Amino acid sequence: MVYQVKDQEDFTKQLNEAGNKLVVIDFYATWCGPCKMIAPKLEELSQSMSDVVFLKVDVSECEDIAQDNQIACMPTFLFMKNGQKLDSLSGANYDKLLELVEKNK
């Protein structure tokens, strides 16, 4: 399952709970058509990659988190591991997302 971040406290807790796992953070908005289309694909991916943590951030409800990460395009996937940003993908391209999870996990 992809965990919906409520706020900064929740986000920080999830990042700490991930330990040394790759974290994929889906920054999305409900006005973003492709975000809603890729969402079910991300849910399935989170079931098949148990070693990866999948989070989602509704930028309309978590504006501070969005701007801290200089998000511009919907969706944006951030790839994090051990507190470092490794990669970023703008757009709802699932095949590229899968490629980046391999390049980085």
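The numbering used is simple: start at 1 and walk along the sequence shown.
Asker: Which is higher on mean Cα B factor in this entry, 52-60 or 29-37?
Answerer: Looking at the record's C-alpha B-factors, the answer is 29-37.
Asker: Which wins on mean Cα temperature factor, 62-70 or 76-84?
Answerer: The stretch with the larger mean CA B-factor is 76-84.
Asker: Sorting the chain's modelled residues by C-alpha B-factor, tell me whether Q4 ends up in the lowest, middle or highest third.
Answerer: It falls in the middle third of the chain.
Asker: Looking at the temperature factor on the CA atom of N93, which third of the chain's modelled residues does it land in?
Answerer: Within its chain, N93 is a highest-third residue by C-alpha B-factor, going by the deposited values.
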